[PDB]
Asker: 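My structure is below; once you've seen it, I'll send some questions.
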Amino acid sequence: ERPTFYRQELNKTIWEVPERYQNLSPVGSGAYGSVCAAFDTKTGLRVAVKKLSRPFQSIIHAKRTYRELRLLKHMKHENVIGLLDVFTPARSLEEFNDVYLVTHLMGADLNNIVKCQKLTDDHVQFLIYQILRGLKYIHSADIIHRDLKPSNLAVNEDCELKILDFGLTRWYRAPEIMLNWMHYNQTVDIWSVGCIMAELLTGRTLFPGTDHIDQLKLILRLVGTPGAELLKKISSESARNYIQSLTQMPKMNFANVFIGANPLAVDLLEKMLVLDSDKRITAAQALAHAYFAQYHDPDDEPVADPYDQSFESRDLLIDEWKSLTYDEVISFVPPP
Ligand SMILES: Cc1ccc(C(=O)Nc2ccon2)cc1NC(=O)c1cnn(-c2ccccc2)c1N
């Protein structure tokens, strides 16, 4: 298009990006799009460039491509990853088959920090406060991260955090979303924050489950087996049958689990790691907790503008998802 694009082979795939993006070096992947660390000639900054993997080769991928670009273009928050640029080597909609997304390049994720260190309490407060500040904003647009974990929580140390793969791995998942979605809310992310926070304070994974049944066993040893009040609210027969079959376990006192931690941290952990999603603290409420008195500013915890996600209910053809994505690429304006 307007810039001159250059081709190269990175990993076992062809990358075709503009001349402003130089020295592309792989970082990592998954099953949705590998990322390269790059140098922005125009800004003099290091960027992260993601090439979407076969964006329009399936109905699930085509809608996922749209979803991701809509999510990225909408979210404008300090603790939430943001879109710097979006491009395609394609000059028209007929040749459109590749999507590239550009963000800032972060220094490290939360797995890296906990390996090379044993964090302090102010360190934990600032990290957790930032994650919560970002989730309040995400949750206000009616989006649940659903897969919050240390690998999608990244820092540009300093110690300034950004949440990565929000609206679309076992150790940080809410128990309700483990044993078939027996009704769920946004606090599904709060359970994950609890798991992350506990790991930041102890240096060890809270529940390192070897499988989906062992994961549940580990969760229940700390939080206890579901009580009378909770069991009554479970409509799924198979889920109730499963719960009823486990030997009764009491809920542990978190003061005897998190030995030496700030008492305010322990109180907060108890509020986040509650079995009942109905009783679990929210992002906005957690930001008001005393543990964050040094960081909390109710005038500096913004919410998101309204986000139209009616598209989520719509069943379209690959080429309709493609055209809709094509419009979001063309219409894009940098932050700057
Ligand atoms: C380029 C890109 C495109 C999309 C998203 C993204 O979050 N997408 C979605 C999808 C839905 O909602 N958001 C993130 C990125 N950036 C990174 O992945 C990224 C940036 N810095 N590091 C990094 C570098 C070194 C260590 C740790 C992290 C990364 N892993």
Side-chain angles (χ1 to χ4, degrees), residues 10-11 13 15 17-18 20-21 23-40 43 45-53 55 60-88 98-117 127 130-131 134-135 137-169 186 189 192 196 304 307 309 311-312 321 325 328-329 332 334-335:
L10 278 158
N11 295 301
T13 196
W15 282 62
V17 303
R20 55 176 302 181
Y21 306 113
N23 322 288
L24 314 201
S25 32
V27 180
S29 67
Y32 313 118
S34 76
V35 6
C36 281
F39 178 85
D40 188 350
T43 76
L45 270 169
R46 273 188 192 114
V47 290
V49 192
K50 181 205 204 136
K51 182 194 182 185
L52 293 193
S53 159
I60 283 164
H61 273 202
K63 191 188 193 189
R64 199 176 209 102
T65 299
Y66 184 66
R67 180 180 298 121
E68 185 173 10
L69 182 52
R70 288 284 290 106
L71 253 4
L72 287 167
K73 281 179 85 186
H74 192 268
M75 309 311 249
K76 341 286 287 99
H77 192 280
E78 290 182 81
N79 307 112
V80 169
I81 198 67
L83 196 61
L84 298 181
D85 197 22
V86 54
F87 65 84
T88 182
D98 296 312
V99 187
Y100 292 83
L101 310 165
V102 190
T103 72
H104 277 120
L105 209 233
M106 309 299 297
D109 62 40
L110 264 52
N111 280 321
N112 180 81
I113 311 160
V114 97
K115 209 178 204 297
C116 73
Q117 216 185 145
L127 280 182
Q130 280 181 102
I131 296 164
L135 282 185
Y137 181 88
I138 290 170
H139 290 177
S140 72
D142 208 50
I143 293 150
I144 305 172
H145 185 300
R146 214 195 193 264
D147 193 26
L148 217 234
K149 63 203 173 113
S151 69
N152 52 41
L153 289 171
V155 291
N156 253 330
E157 290 145 292
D158 294 37
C159 281
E160 178 96 273
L161 184 140
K162 274 145 164 52
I163 302 167
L164 301 204
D165 308 306
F166 42 100
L168 293 125
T169 177
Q186 308 189 307
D189 291 341
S192 307
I196 289 158
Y307 166 67
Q309 68 188 102
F311 85 82
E312 291 283 9
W321 288 127
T325 304
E328 299 290 326
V329 172
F332 176 80

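Nothing fancy with the numbering, it's 1 onward along the sequence. Start at 1 and go down the list; that is how both ligands and their atoms are numbered. Hydrogens, waters and symmetry mates are skipped; everything else that's a heavy atom, side chains included, is used.
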Asker: Short list, please: which atoms of ligand 1 are under 4.0 Å from a heavy atom of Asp109?
Answerer: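 The list of qualifying atoms is 27 (C).
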Asker: Under the 3.5 angstrom rule, does the side chain of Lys63 hit a backbone N or O of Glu312 as a donor-acceptor pair?
Answerer: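 Checked: pair present.
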Asker: Taking 4.0 angstrom as the limit and counting only heavy atoms of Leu168, give me the atoms of ligand 1 inside it, by number and element.
Answerer: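 Listed by number with element, the hits are 10 (C), 11 (C).
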Asker: Does a side chain donor of either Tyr32 or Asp165 reach within less than 3.5 Å of an acceptor in the other side chain?
Answerer: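 Per modelled atom types, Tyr32 and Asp165 side chains form no pair under 3.5 Å.
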Asker: Where is the tightest heavy-atom contact between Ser140 and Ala304, given as atom of each residue plus distance?
Answerer: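 Scanning both residues completely, I find the closest heavy atoms to be OG-N, 2.8 Å.
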Asker: Just which atoms of ligand 1 are under 4.0 Å from any heavy atom in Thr103?
Answerer: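 The list of qualifying atoms is 1 (C), 2 (C), 3 (C), 15 (C), 16 (N), 20 (C).
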Asker: Taking non-hydrogen atoms only, is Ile81 closer than 4.0 angstrom to ligand 1 via side chain, backbone, both or neither?
Answerer: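 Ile81 to ligand 1: side-chain contact only, backbone stays beyond 4.0 Å.
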Asker: At their closest point, which heavy atom of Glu157 faces which heavy atom of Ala108, and how far apart are they?
Answerer: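 In this case the closest contact between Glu157 and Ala108 is OE1-CB, 3.4 Å.
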Asker: For ligand 1, note which part of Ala37 has a heavy atom under 4.0 Å away: side chain, backbone, both or neither.
Answerer: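 The answer is neither; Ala37 stays 4.0 Å or more away.
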Asker: Given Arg46, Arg64, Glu68, which one has a non-hydrogen atom that is nearest to atom 8 (N) of ligand 1?
Answerer: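 Residue with the shortest heavy-atom distance to the ligand atom: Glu68.
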Asker: Quick one: nearest non-hydrogen protein atom to atom 12 (O) of ligand 1, plus distance?
Answerer: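 Among all protein heavy atoms, the one nearest atom 12 (O) of ligand 1 is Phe166 N, 3.5 Å.
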Asker: Would you call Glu160 and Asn79 a side-chain contact if the rule is heavy atoms closer than 4.5 Å?
Answerer: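 A side-chain contact under 4.5 Å exists here.
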Asker: Just jot down the ligand 1 atoms closer than 4.0 angstrom to any heavy atom of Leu164, in number order.
Answerer: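 Near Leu164, meaning under 4.0 Å from one of its heavy atoms, ligand 1 has 6 (C), 7 (O), 8 (N), 9 (C), 12 (O), 13 (N), 17 (C), 18 (O), 19 (C), 29 (C), 30 (N).
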Asker: Before giving the answer on side-chain contact (heavy atoms from CB on, under 4.5 Å), spell out for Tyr100 and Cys36 the whole-Å C-alpha distance, their side-chain angles and the decisive distance to 0.1 Å.
Answerer: CA-CA 11 Å; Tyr100 292 83; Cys36 281; over 6 Å; no
Asker: Out of all atoms in ligand 1, which are within 4.0 Å of some heavy atom of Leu105? Include the element for each.
Answerer: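 The list of qualifying atoms is 21 (N), 24 (C).
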Asker: Minimum distance, heavy atoms only, to atom 23 (C) of ligand 1: which one of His104, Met106, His74 is it?
Answerer: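 Heavy atom nearest to atom 23 (C) of ligand 1 belongs to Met106.
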Asker: Just checking, is any N or O donor in the side chain of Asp189 or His139 under 3.5 Å from an acceptor N or O on the other one?
Answerer: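 Checked: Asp189/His139 side chains pair up, N/O donor to acceptor below 3.5 Å.
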